[PDB]
Each structure stands twice: as C-alpha cells, then as structure tokens.
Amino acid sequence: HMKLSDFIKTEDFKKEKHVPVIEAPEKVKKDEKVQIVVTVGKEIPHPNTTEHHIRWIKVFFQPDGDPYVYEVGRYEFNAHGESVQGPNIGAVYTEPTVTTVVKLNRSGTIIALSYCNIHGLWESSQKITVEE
C-alpha cells in the first residue's frame, strides 16, 4: 500500500501558497482556442530562491465518460537565481505561472499538479463545459 496519492496534497489556495490555482472559462466552444492560466502562489506568494522554489506545473484533462486522464502539458520553471558567483546572485528567475492554450471537443475536468523542490506535490481541479 504505497501510493503517490498519499503524497499529493490539496488545500484551499486562500490558506495554502502551494496549491496551483486554475483560471479557465467555465464553458467554451468546441475547437476554439481556450486559455488556461495556472499559478502557484496566487494569493500567498511562494519563495523563488536557489534553495526553495516551484519546479513545475502540469495540466491534465479528464474527458467526462473517459476512463483516462491526458497530459495536456508539463511547464518547467528552471531558473532560480543560481550562478557561478553563488546561489541567488543570478540574473533570472522563472515564476510559477503559465498560460497554456488547448482545443477541446468534450466537457471534462482540468486537473493541475505542481511540484515544489522541498514541499512535494499539490493539486487542484476545475470542471469545463464544451458546446457547439
């Protein structure tokens, strides 16, 4: 009985900085380009230092009535002030927010998963309706 799920946390993003917050329309037209914004640290900011940072956000789509989830994408945030001069002396920091664009032809659920280098995995989800 060792499951990854035991170590995927969810919380109210109002209480917890680590929760990825999905911003996506509630209902869209079939095949139109939909913008999905996912942010970690939306209400409570999360640190972005060489030692402590959000590594990535991943988005999944679960089509209603489908048995599976589909990986929409993985969005890696890879600069956190590292330098040959020392940690946090670098020129560039990648913030844990991403806008991805999808085309859907069926209603389903958007699932966001994020990973902190020291605080593990965090998730949220939001239903999305598709129409002609």
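In this text, residue numbers run from 1 along the sequence as written.
Per the PDB record, of the two stretches 121-129 and 1-9, 1-9 carries the greater mean B-factor over its C-alpha atoms. When the CA B factors of the chain's modelled residues are split into thirds, the value for residue 48 lands in the lowest one. Remark: residue 81 belongs to the middle third of its chain, ranked by C-alpha B-factor as recorded. The entry lists a Cα temperature factor for residue 58 that places it in the middle third of the chain's modelled residues.
In this PDB entry, the Cα temperature factor of residue 38 sits in the bottom third of its chain's modelled residues, the lowest group. The entry lists a Cα temperature factor for residue 111 that places it in the highest third of the chain's modelled residues.
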